[PDB]
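Here we start with a single chain on its own, the form deposited in one PDB entry, put down as structure tokens.
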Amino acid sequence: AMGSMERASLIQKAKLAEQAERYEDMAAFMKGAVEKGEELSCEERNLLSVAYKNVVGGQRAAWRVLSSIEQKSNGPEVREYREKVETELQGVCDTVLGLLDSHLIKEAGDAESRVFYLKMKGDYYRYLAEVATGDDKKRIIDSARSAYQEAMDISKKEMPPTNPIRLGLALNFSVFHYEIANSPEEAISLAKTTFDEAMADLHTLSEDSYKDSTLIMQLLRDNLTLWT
């Protein structure tokens, strides 16, 4: 669809779309950029993630509103409209997963890129799991688990405990354990051990790296306070 636009122009327009808070456009520009077939830089990976996280985040919030109304109600309209939003959400998740599978993950050899993409894979299966009810729901949960686990294994071997991607991965995998997998103790354990191991490595960091690591540590702490 964006096949006729230059890669650099798609990236530029994704940055403009973010500034304009046009996240659907942003996501379309970034999908076009990925489909050029070249690997993404650090900055470009963040544009891709920001775009789709915002699009699906809005769909999730709408699905939650509609699901609440539907549950209180229990004509067909609320269920029909919740189903419409759900199908759209699933479509976006499938699109992101398709970009990761064709071919971002397989071409990502550096630990930072590969962990980034596997964290995304876990997240979009997690979003699918939030709305799943059918014969494949266990399998969707396991797909999220498997992606997060591979990312964790690489991160623990290849990155310091304060690395922001490693920290964000652990944060999100802990949310998976608490909210999806019905494993609140695993969630609490992961968040605690992540926080403590990062704390012990902060002394190695510059001011700017310290700010990033402590920002995510505070999110881990905020969850621990909510969960305990």
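In this text, residue numbers run from 1 along the sequence as written. Take the two forms, find the largest set of C-alpha atoms that superpose within 1.5 Å, and that set is the rigid core.
J.: Which class describes the count of deposited residues lacking coordinates between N74 and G75: none, 1 to 3, 4 to 9, or 10 or more?
T.: The entry has 4 to 9 unmodelled residues between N74 and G75.
J.: Which is higher in the entry, the mean Cα B factor of 131 to 139 or that of 103 to 111?
T.: Averaging CA B-factors over each stretch, the winner is 131 to 139.
J.: On mean C-alpha B-factor from the PDB entry, just flag whether 200 to 208 or 12 to 20 is the higher one.
T.: It is 200 to 208 that shows the higher mean C-alpha B-factor.
J.: Specify which of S67, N46, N172, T194 carries the largest Cα B factor in the deposited PDB entry.
T.: Result of the comparison over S67, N46, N172, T194: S67.
J.: Compared with the other modelled residues in the chain, in which third is the CA B-factor of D123?
T.: Bottom third by C-alpha B-factor.
J.: If you rank every modelled residue in this chain by C-alpha B factor, which third holds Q59: lowest, middle or highest?
T.: Within its chain, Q59 is a lowest-third residue by C-alpha B-factor, going by the deposited values.
J.: Divide the modelled residues of the chain into thirds by Cα B-factor and specify which third, lowest, middle or highest, holds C93.
T.: CA B-factor rank for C93: lowest third.
J.: Would you check the entry's CA temperature factor for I154 and let me know if it's in the chain's lowest, middle or highest third?
T.: According to the entry, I154 has a C-alpha B-factor in the chain's middle third.
J.: Considering every modelled residue of the chain and its Cα B-factor in the PDB entry, is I165 in the lowest, middle or highest third?
T.: Middle third by C-alpha B-factor.
Absent from the display: the form deposited in another entry. The rest refers to it.
J.: How about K211 - superposed on the rigid core, does its CA move between the shown form and the other one by 2 Å or more?
T.: Yes, its C-alpha moves 2 Å or more.
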